[PDB]
Amino acid sequence: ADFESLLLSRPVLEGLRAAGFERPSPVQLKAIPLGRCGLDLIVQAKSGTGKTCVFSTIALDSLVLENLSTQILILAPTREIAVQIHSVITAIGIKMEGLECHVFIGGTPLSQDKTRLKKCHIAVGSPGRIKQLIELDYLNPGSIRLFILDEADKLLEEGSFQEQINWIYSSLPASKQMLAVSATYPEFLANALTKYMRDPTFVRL
Ligand SMILES: Nc1ncnc2c1ncn2[C@@H]1O[C@H](COP(=O)(O)OP(=O)(O)O)[C@@H](O)[C@H]1O
């Protein structure tokens, strides 16, 4: 089956092909329609199966491009992974004129993040910086409808970002979709995600 059978919009289809993604991987076949349906997803599959591309594709297909507002928030456990996500979104979104996707990490002045957030469809960042930006109302979360956790195991493990993610989650609108993707699903992650997803759909190979 091809990407067309997944009912993606033409700009996303064209972007996928331009970015070198000719046919969906098994996890993409399963997860993309469920993502388009608006369901909360837990996608658990090993590294390299295509999970980053899954959520990036669901995200881009969901965007109202003509509304220059932050509709999608994506968290990553490291600065490098935040940038990797940005690279994937920018590649697949290459046919979407005026797409604004930006990375929010430590080391840039907050005043510059403030300016960048005035033109930002998709915010990608680390939990600490994103929390700070929401607290300052530099990122007003009122237009966010899709909240994505990449490497959710690493995000929510002991000594990581559960407190900040709980806080961010609570700041978001009541009505929203969440996606969590992870290589593993240990008890701590199963338990943590009950805070955010009432009755998630699981996607596994
Ligand atoms: N449909 C596809 N066709 C070809 N290559 C793909 C496809 N989806 C992902 N890839 C590539 O496979 C690798 C792993 O994808 P990624 O989305 O990073 O997986 P994960 O997040 O599960 O580790 C990357 O190099 C990515 O560019």
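Sequence positions for chain A are given in Swiss-Prot numbering; the residues included correspond to 62-266, in order.
A Cβ is built for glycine as well, from the same backbone N, Cα and C atoms used for every other residue.
Residue ranges 62-90, 91-119, 120-148 are listed, and Swiss-Prot annotates 62-90 among them as motif 'Q motif'. Within the listed segments 171-174, 175-178, 179-182, 211-214, Swiss-Prot records motif 'DEAD box' for the stretch 211-214. Taken residue by residue with DSSP, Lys112 (ATP binding site) is part of a helix. Spacing of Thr113 (ATP binding site) relative to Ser187 (phosphoserine) is 16 Å (Cα to Cα, whole number). Per DSSP, the motif 'DEAD box' (211-214) is made up of 2 helix, 1 strand, 1 coil. Same-chain residues at least 6 positions away in sequence with a Cβ under 8 Å from that of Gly111 (ATP binding site) are, in sequence order, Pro85, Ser86, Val88, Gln89.
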